[PDB]
Asker: 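Could you have a look at this structure, given as structure tokens, before my questions?
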Amino acid sequence: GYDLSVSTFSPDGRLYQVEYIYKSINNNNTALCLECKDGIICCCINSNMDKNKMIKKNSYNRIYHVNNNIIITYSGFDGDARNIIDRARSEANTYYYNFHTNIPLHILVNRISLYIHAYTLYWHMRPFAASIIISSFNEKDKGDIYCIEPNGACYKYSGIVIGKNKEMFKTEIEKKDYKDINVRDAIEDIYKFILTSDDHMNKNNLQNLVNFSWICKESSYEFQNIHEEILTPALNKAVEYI
Amino acid sequence: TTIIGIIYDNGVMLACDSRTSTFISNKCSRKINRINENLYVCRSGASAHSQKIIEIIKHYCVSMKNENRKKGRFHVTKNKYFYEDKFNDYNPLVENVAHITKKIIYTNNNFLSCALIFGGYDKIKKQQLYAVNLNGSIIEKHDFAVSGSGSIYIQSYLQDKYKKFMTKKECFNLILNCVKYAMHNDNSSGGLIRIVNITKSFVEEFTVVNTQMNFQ
Amino acid sequence: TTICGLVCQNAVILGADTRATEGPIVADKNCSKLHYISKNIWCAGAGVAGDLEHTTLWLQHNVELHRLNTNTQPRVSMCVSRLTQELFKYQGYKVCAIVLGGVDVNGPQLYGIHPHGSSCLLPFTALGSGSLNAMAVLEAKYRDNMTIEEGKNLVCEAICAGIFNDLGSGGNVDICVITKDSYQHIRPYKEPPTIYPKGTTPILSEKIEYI
Amino acid sequence: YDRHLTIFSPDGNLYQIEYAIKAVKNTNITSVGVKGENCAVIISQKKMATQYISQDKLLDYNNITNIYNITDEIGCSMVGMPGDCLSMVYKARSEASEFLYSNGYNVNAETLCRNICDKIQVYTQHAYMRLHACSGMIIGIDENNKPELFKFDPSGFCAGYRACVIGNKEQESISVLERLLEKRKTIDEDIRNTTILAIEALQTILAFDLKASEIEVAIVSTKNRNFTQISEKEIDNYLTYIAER
Amino acid sequence: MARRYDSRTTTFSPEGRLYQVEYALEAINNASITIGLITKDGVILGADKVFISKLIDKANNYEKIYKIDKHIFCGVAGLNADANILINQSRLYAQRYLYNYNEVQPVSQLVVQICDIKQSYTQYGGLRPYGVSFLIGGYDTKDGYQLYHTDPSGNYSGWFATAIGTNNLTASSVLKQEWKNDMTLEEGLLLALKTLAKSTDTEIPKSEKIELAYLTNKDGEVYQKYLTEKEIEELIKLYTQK
Amino acid sequence: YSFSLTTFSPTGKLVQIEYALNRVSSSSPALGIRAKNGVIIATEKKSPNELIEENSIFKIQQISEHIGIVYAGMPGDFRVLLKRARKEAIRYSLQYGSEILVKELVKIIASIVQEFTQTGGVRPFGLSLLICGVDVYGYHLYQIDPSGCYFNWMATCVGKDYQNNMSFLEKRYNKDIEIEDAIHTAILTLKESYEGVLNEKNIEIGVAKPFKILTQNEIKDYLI
Amino acid sequence: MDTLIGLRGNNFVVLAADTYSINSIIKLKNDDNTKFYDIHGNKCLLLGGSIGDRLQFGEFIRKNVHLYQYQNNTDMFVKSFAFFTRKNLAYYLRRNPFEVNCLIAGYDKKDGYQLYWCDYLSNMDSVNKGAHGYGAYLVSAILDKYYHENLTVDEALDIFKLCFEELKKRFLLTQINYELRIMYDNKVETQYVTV
Amino acid sequence: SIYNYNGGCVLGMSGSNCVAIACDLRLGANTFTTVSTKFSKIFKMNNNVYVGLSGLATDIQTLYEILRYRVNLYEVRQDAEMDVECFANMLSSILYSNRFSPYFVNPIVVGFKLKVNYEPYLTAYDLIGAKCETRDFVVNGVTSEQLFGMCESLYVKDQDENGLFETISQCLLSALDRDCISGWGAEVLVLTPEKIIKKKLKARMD
Amino acid sequence: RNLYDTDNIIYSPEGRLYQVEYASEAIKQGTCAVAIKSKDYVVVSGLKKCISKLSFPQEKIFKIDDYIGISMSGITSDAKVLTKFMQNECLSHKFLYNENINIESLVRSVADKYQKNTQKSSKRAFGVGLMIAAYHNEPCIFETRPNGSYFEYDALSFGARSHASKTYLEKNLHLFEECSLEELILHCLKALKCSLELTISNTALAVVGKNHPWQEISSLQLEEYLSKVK
């Protein structure tokens with residue numbers, strides 16, 4: 001009876017609706033961000049759409065950006081995450097209007113965390129069902145990656161995975177330190193981890209179900225999606241390895 | 001009123017008179033206001049308007065400074081203060097405070113008649129002068145800024161004497177002589193001269209008693 | 001009106017005359033112009049009669065509310081901030097030229113507040129029509145460190161100068177000595193007919209009603 | 001549905017307040033506040049609150065922190081659900097800034113705690129909003145140069161303390177603090193002794209050796225009114241001073 | 001969902017009844033008795049006090065009978081806090097009518113206004129009704145002396161003599177047996193004492209649990225008296241003489 | 001979305017108000033006594049556990065210069081109503097220039113307490129207030145319930161075992177006694193129901209000169 | 001321009017007004033009917049000023065008093081009617097004023113026959129006699145001279161005849177046609193007087 | 001010039017154990033046409049509180065209605081008569097609540113403060129509630145200068161009821177004889193703690 | 001699941017929003033619609049619902065803008081609301097600026113409108129699915145759903161008995177890119193016919209593409225195409 005409203009604590013001091021949101025997110029499509037020596041690399045594996053064959057090639061992209069220098073991705077429902085990303089862009093716009101400089105990453109993360117958290121307080125609002133990764137990289141400060149949970153918790157990482165099969169992806173990513181590995185070498189490792197972890201993914205759908213993006217030295221520390229010419233030899237080498 | 005800012009090699013010096021209002025209502029005033037430990041601003045124009053602008057922008061700067069804090073662990077009478085924020089971790093940028101002040105002035109520029117000179121130091125752009133004009137336009141000055149009634153009388157004089165990389169001593173002498181000449185020529189400016197020198201690691205505020213001597 | 005304030009060692013001394021005028025006509029010969037704001041804060045008003053009285057009552061009771069909530073001794077700077085924000089809320093109107101004098105943990109503080117909402121911390125000041133007459137005496141005779149009795153004498157001289165030189169000033173001298181521990185409001189500090197026969201007035205009717 | 005909402009049960013209890021306090025207890029984070037003669041110290045365990053997500057190895061452990069600045073001079077520790085705790089930090093900052101703007105001088109710790117508890121009471125009374133599961137300690141220096149240490153819970157009950165704990169153990173940690181303070185009965189000596197007592201109290205309460213990397217210590221004093229975190233090296237030196245007899 | 005916690009106070013029952021109104025009436029019927037009657041001299045209100053303890057200040061405290069205006073007074077049966085709310089509102093309405101018209105409100109118009117307020121809570125919104133029933137007595141030039149009886153529904157009626165609260169039926173029986181048209185002030189006061197004694201199950205009425213007040217017009221001026229324990233004791237001994 | 005959470009039961013009762021009264025009856029006891037030259041309000045607490053600042057947990061509080069208040073119930077509710085009552089007294093003083101009469105304050109706060117028993121989406125206040133004061137019409141001691149009902153008392157108690165304390169006061173109280181006698185009676189009534197020995201630390205007393213809150217040494221001098 | 005006249009005795013009240021409807025320089029009508037507003041229950045509101053403001057205010061007051069009397073099932077007292085009219089006129093004074101001058105007449109059992117004079121600024125008082133318009137300047141003294149407390153209604157009508165003749169003879173607007181309300185003996189009568 | 005439309009003046013004076021208020025009875029129109037000679041500007045609030053309202057007649061009536069409303073609510077709520085000083089502060093607050101759209105009125109308040117001791121109480125106002133209390137006399141209206149002169153010359157401290165009546169009546173009548181737009185009768189109320197004497201003076205009608 | 005399907009803001013223990021799922025379930029009862037494209041054109045076809053002998057067929061496809069049209073499946077009133085919103089957005093973009101609205105921006109705005117009704121307890125999800133056909137620098141087919149998601153397709157179909165149409169599209173997708181317009185219309189009509197005969201009355205059919213504003217195909221041309229299909 002206590003699990004029918006986000007605004008009610010259960011006798012053991014838990015909000016069951018947020019836990020059910022966590023269960024919803026853990027079944028959704030995988031997303032990961034990884035700090036590297038020269039950049040951050042973001043990768044979204046949309047394994048759920050392996051059934052739908054008529055979807056346009058690479059149309060579905062869960063990787064978005066703010067200010068052309070902050071990557072923002074998610075695992076969860078598309079509409080809620082679009083709402084959060086619109087809030088992030090609004091916060092960046094308001095900050096630049098007030099102060100004439102771009103929003104710091106930690107301030108944006110805190111504000112979006114509060115925005116997510118506010119919907120877990122009242123009996124009439126649906127809490128957002130999405131975990132949100134927000135990340136950036138700079139020449140001086142290196143990489144900063146944050147993950148905002150559906151409960152409003154925000155935590156900083158060197159690398160993070162959310163969504164389906166995140167345990168296996170985390171286990172494979174943890175095998176080696178990536179802060180002394182470049183992003184171009186890291187793409188092959190990400191493809192190998194996807195082939196070993198997600199059972200729906202295979203050689204014939206890696207090219208059209210996976211979104212890639214990064215912020216590194218080669219992109220002048222600004223947002224970009226990986227071109228096909230860089231992706232194709234990497235996934236070919238991963239398939240040959242596997 | 002005379003308010004002056006000059007960037008020198010290792011800091012920025014602001015200076016002002018003390019006279020307020022044919023009748024002198026006050027002769028010991030504070031036209032230079034401490035917004036933050038690394039950021040001061042000089043006022044000119046209507047007094048109540050500028051003072052409420054100072055209070056609003058102090059509130060904004062305090063909010064910005066509290067929000068700028070990251071989580072975790074990292075790493076002739078003078079009065080001197082060392083910055084608590086040694087590494088400039090969370091002190092707001094001078095550009096940010098000057099630009100929100102410009103926004104507030106421009107939004108209310110129908111009735112607000114205030115010209116401000118922000119001076120300060122941050123780790124990104126080092127020492128900066130910003131001039132916020134009457135209608136709410138902001139211009140960054142890399143050599144000097146001047147405003148108020150008296151400043152006009154010294155314009156060419158400052159333009160004659162400014163050097164690109166002045167030391168502390170000669171910049172102090174220049175700014176003091178500039179305010180002295182402006183007070184000599186302008187009735188609306190007078191009294192003791194307040195100077196604020198802002199540097200990488202400290203701020204020192206000088207008070208000066210003055211007299212103009214000439215046999216021209 | 002002539003009002004004045006000065007800062008002596010561990011004390012503020014406010015002073016005022018006791019004349020209120022309806023234009024050329026003296027409307028009140030013993031008006032009180034020193035207003036209580038708290039035990040350690042007093043003020044005097046030199047502007048629109050109503051605005052000063054109601055603003056002083058508002059400030060006094062809001063300061064009492066703040067004292068009750070926070071339990072701290074009130075600060076003069078809080079009164080300055082509240083007054084200036086309220087006066088700037090109106091575009092120059094609700095004119096109140098105030099001398100606000102108090103003692104708090106930061107020391108004795110004297111402020112001149114203008115009707116447009118600008119404040120100025122001062123060692124002494126004077127306000128009203130006879131402000132310049134008082135300021136002459138104060139600027140002649142003020143020194144930084146003075147005893148309470150010397151400050152009282154100088155305040156009395158300034159207010160008397162305003163009384164005798166400004167036509168809008170007259171009556172007695174009021175003073176208030178504010179310290180941290182208490183205040184001493186000395187209202188009468190200094191002071192520089194026919195009976196008709198019964199029934200002479202004709203009447204048309206009279207009615208007697210018993211209470 | 002009397003236990004679902006913040007309305008009275010037949011026994012007169014608001015069980016939602018009890019369950020919010022249970023949620024605060026479930027995080028398994030211990031924080032301890034101590035008051036010196038002219039200083040105050042907060043120590044916290046620098047661990048992620050026990051929640052759905054566990055601790056990842058790639059998680060930046062320096063970023064974890066239950067201690068926050070409200071102003072330059074007032075600080076706090078906040079234990080509970082992390083989103084609730086962040087929301088309460090932002091609320092406290094907004095209250096302090098509003099006090100500074102309206103009154104022209106900085107709020108003190110007590111008035112800040114009372115304003116925060118006024119906000120919390122609305123959650124306790126209005127059925128349409130959830131209680132913030134967040135317990136908090138606040139420290140500052142008042143105008144009289146004496147240290148203030150105050151503590152509040154989700155019920156909205158503010159109290160001043162010479163020393164206090166937010167954690168899983170109460171009436172044993174209270175005994176530990178009682179023993180240390182009665183044993184205790186120059187500004188630098190006061191600062192050092194109070195920091196030592198906070199560190200040793202946390203070590204005794206938690207019942208295992210503390211690593212300097214996994215605890216955060218912050219202090220206010222008349223020597224430095226700004227609420228500042230001491231370095232990891234200083235905490236390591238203080239831990240070394242323990243067990244050297 | 002908050003509609004699960006909504007009791008729907010303003011919703012009809014199957015029998016065309018408001019259950020909350022009927023429960024408020026039940027609350028009224030359990031409260032102590034208040035009687036009203038009309039004499040030739042004027043209006044009488046009486047009530048039996050609820051004895052909580054001997055430490056109550058019985059000097060100038062009246063908890064059942066209240067003044068609304070110099071020409072209107074009322075007796076309460078039900079919850080006292082709701083009654084205080086509605087009494088303050090009635091005082092506001094009387095002075096609002098004096099403001100708008102420069103003459104005193106007729107008693108019927110005040111009864112209509114306060115009963116409209118009571119009816120609004122039964123028809124509009126989702127709040128509980130006021131759990132009070134009034135006996136509003138008064139005088140006006142157009143209609144003379146008047147006594148109205150209100151209810152939680154906003155229904156009101158007009159009476160020459162009636163009773164509300166506990167044991168109101170037996171009080172009404174005694175009233176119809178004993179009340180008559182042309183009756184004096186003393187006779188009406190003795191009848192009020194008799195009715196309070198009969199309804200309170202006491203052979204002799206005790207002055208310490210009787211509130212008694214009356215409104216009378218003399219010299220074209222309305223005057224209200226609230227009898228003290230001394231005057232009530234005088235009337236008690238007069239009642240026992242008869 | 002606003003509806004009353006307090007509703008009439010089938011027997012006409014408002015169960016939420018009954019439960020607020022139950023919470024009142026379990027909370028720590030407070031009392032008031034009106035004497036012919038004054039009025040006092042007293043309360044007790046558990047002994048402090050050597051850490052909590054006693055001065056920061058006073059239940060007796062000053063409303064205005066000659067008005068004080070104590071409560072039995074929920075502390076946060078008490079702080080909210082205390083702030084509101086200070087605001088209302090200040091509003092009266094702004095309007096009429098004089099200190100608020102005790103009856104007017106009691107009526108206003110009683111109406112405010114009533115409003116939370118009918119307005120939607122809220123619960124009743126979980127406390128009972130005792131307000132003591134002096135004005136031109138004399139000395140007043142008023143109780144206010146969670147319902148919003150208020151009572152004019154000569155002496156009363158509003159918490160744990162308040163029937164027993166009320167019987168004690170009924171035997172002891174007289175209409176004409178001094179302030180010292182009333183304080184002695186209040187202390188004896190408090191220590192009667194208390195489990196164990198009632199020290200000075202387990203007592204707060206306020207007395208209405210302006211409204212005074214007694215110091216610990218004064219209470220100890222009374223306890224001799 | 002709209003001349004209004006009122007005269008109150010112990011046993012009557014009489015109101016009178018010119019019957020001209022003016023539009024710039026032309027008389028739209030010599031039998032105007034937008035000045036008198038008879039209310040149910042022995043009450044009359046005689047309005048001057050702008051025709052549109054007269055219509056709006058007169059119908060507003062009439063529809064409000066009728067609503068009162070039907071809601072309460074009683075006749076509103078004349079004093080209450082007059083002070084309600086003044087209150088509503090003063091309410092609009094600082095927000096879109098009704099530039100209308102008012103004579104308010106009635107009969108009560110409580111207070112007998114009653115006349116109230118009220119101007120466009122809502123300055124009201126009870127009077128035995130009163131007038132409005134520029135023509136007031138030419139009639140008021142006549143009302144002062146020939147009035148006495150025990151006038152019969154016919155003597156009052158003779159006084160009004162003197163007022164009308166003076167308005168014809170001396171006033172710039174040679175006002176010839178007049179309407180009269182006579183309240184007396186629990187009846188309200190209408191009369192029309194030319195010259 | 002708004003005060004010249006109707007004219008009018010109110011006066012109050014104090015004696016020993018007695019106080020008096022007085023006013024003219026004219027209602028004028030356009031500064032020169034007299035339209036009533038019974039327009040009393042004195043209003044009873046309670047037995048120890050009277051108010052004299054001079055200025056624009058519509059604002060006199062509106063303010064009197066507001067004050068009657070407030071006083072009746074206060075007295076019925078508290079079951080006691082309102083203190084004269086409480087009423088004076090309330091009148092100040094009411095006048096200041098309309099600061100930017102004021103009622104064009106210049107009130108005086110005359111009454112007895114109760115302490116039973118009956119102390120005279122007199123205070124005069126401006127249109128926005130700035131009040132000055134006096135021990136001797138109070139004046140408002142367009143005839144303020146003449147009233148000030150008469151009261152300054154003729155006021156005698158601690159007069160009995162008869163002497164107070166004669167002095168206040170002579171002050172009012174002499175002041176009114178020098179004012180075009182005020183007069184046409186004069187009302188004089190004399191309050192003592194047991195009774196009130198209301199008189200109408202045989203005044204000029206010019 | 002009866003506990004958790006009562007209000008739209010409640011997640012089930014499996015992390016499902018049952019009311020949004022029911023709004024999606026409303027879409028399968030609508031008549032079938034199909035949309036395909038080539039390099040140059042998008043062809044939309046649909047089965048018009050006919051509820052009785054004397055009825056006229058319910059309209060299935062609607063014009064949004066000169067190069068934008070839609071088809072709907074589900075509750076037609078919700079579709080009307082979304083249609084008016086889309087038309088107003090298109091005309092507002094043509095009013096403020098002098099250019100056609102970006103199709104992706106329009107579809108995102110529609111999806112935001114979908115999602116905003118899923119957040120509050122006082123609102124319900126739009127119980128309708130839209131397929132949006134347009135030519136904005138290339139042929140494009142979008143789909144919107146009650147949960148605020150949207151997708152882009154090379155070929156799309158939904159409604160009652162749309163599984164057979166989906167199977168036909170799965171078989172024949174590789175041909176559509178190089179098909180001419182006549183072959184594309186024939187393929188779309190055959191995919192629709194797999195869902196079932198077709199008739200000029202009961203068959204909505206429209207084309208949009210390069211140098212070709214949105215146009216319903218006339219009854220005579222539709223008769224020719226239906227004859228060719230049979």
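Values reported hereafter were calculated over all heavy atoms of this structure, with side chains retained and with hydrogens, waters and symmetry mates removed. Within every chain, numbering begins at 1; the chains are lettered A, B, ... in the order of the sequence lines, protein sequences first and strands thereafter.
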Asker: Looking at F:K45, F:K59, F:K212, which one forms a salt bridge (charged side-chain N to carboxylate O under 4.0 Å, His left out) with F:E204?
Answerer: F:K45
Asker: Specify which of F:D145, F:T119, F:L169, F:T117 makes the most heavy-atom pairs with chain E at under 4.5 Å.
Answerer: F:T117
Asker: Taking NZ, NE, NH1 and NH2 as the nitrogens, is one of them in E:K206 or E:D48 under 4.0 Å from a carboxylate oxygen of the other?
Answerer: no
Asker: Between F:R34 and E:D57, is there a salt bridge with N-O shorter than 4.0 Å?
Answerer: yes
Asker: With chain F as the partner, which of E:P129, E:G125, E:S7, E:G131 has the greatest number of non-hydrogen pairs under 4.5 Å?
Answerer: E:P129
Asker: Any ion pair linking E:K49 and E:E63 (charged N to carboxylate O, less than 4.0 Å)?
Answerer: no
Asker: Would you mind checking which part of F:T7 comes under 4.5 Å of any heavy atom in chain E, side chain (CB onward), backbone (N, CA, C, O), both or neither?
Answerer: both
Asker: What part of E:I56 lies closer than 4.5 angstrom to a heavy atom of chain F: side chain, backbone, both or neither?
Answerer: both
Asker: Compile the donor-acceptor pairs under 3.5 Å between side chains in residues 176-183 of chain F and protein atoms, sequence neighbours left out, one pair per line.
Answerer:
none

Asker: Does E:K237 pair with E:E233 as a salt bridge, N-O distance under 4.0 Å?
Answerer: no
Asker: If we define contacts as heavy-atom pairs under 4.5 Å, which of E:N80, E:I28, E:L127 has the most with chain F?
Answerer: E:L127
Asker: How about residues 11-21 of chain E versus chain F: which residues have heavy atoms under 4.5 Å apart?
Answerer: E:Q20
Asker: Please flag which part of E:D6 lies under 4.5 Å from any non-hydrogen atom of chain F: side chain, backbone, both or neither.
Answerer: both
Asker: Under a 4.5 Å heavy-atom cut-off, does chain E meet the side chain of F:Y1, its backbone, both or neither?
Answerer: neither
Asker: Are any of the side-chain heavy atoms of F:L198 and F:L190 separated by less than 4.5 Å?
Answerer: yes
Asker: Surrounding CZ of E:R8 (heavy atoms of other residues, nucleotides or ligands, distance under 6.0 Å), is the total greater than 12?
Answerer: no
Asker: Less than 4.5 Å to any heavy atom of chain F: does that hold for the side chain of E:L79, its backbone, both, or neither?
Answerer: side chain
Asker: Between E:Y130 and E:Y121, is the ring centre distance below 6.0 Å?
Answerer: yes
Asker: If I measure from the heavy atoms of chain E, does F:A110 come under 4.5 Å with its side chain, its backbone, both, or neither?
Answerer: neither
Asker: Could you have a look at F:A155, F:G120, F:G148 and say which one has the most heavy-atom pairs with chain E under 4.5 angstrom?
Answerer: F:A155
Asker: Chain E heavy atoms under 4.5 Å from F:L141: which part of the residue, side chain, backbone, both or neither?
Answerer: neither
Asker: Please look at F:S167 and chain E and tell me whether the side chain, the backbone, both or neither of the residue comes under 4.5 angstrom of a heavy atom of that chain.
Answerer: neither
Asker: Would you please indicate if the ring centroids of E:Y23 and F:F8 are separated by under 6.0 Å?
Answerer: no
Asker: With a 4.5 angstrom heavy-atom cut-off, could you sort out which part of F:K175 is near chain E: side chain, backbone, both or neither?
Answerer: neither
Asker: Please verify the inter-ring angle class for F:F116 with F:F125; under 30° counts as parallel, over 60° as perpendicular, anything in between as tilted.
Answerer: tilted
Asker: Taking the ring centre of each residue, are F:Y92 and F:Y96 less than 6.0 Å apart?
Answerer: yes
Asker: Could you tell me how the ring of E:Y223 sits relative to the ring of E:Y214: parallel (under 30°), tilted (30 to 60°) or perpendicular (over 60°)?
Answerer: perpendicular
Asker: Counting only non-hydrogen atoms closer than 4.5 Å, does E:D82 touch chain F with its backbone (N, CA, C, O), its side chain (CB onward), both, or neither?
Answerer: both
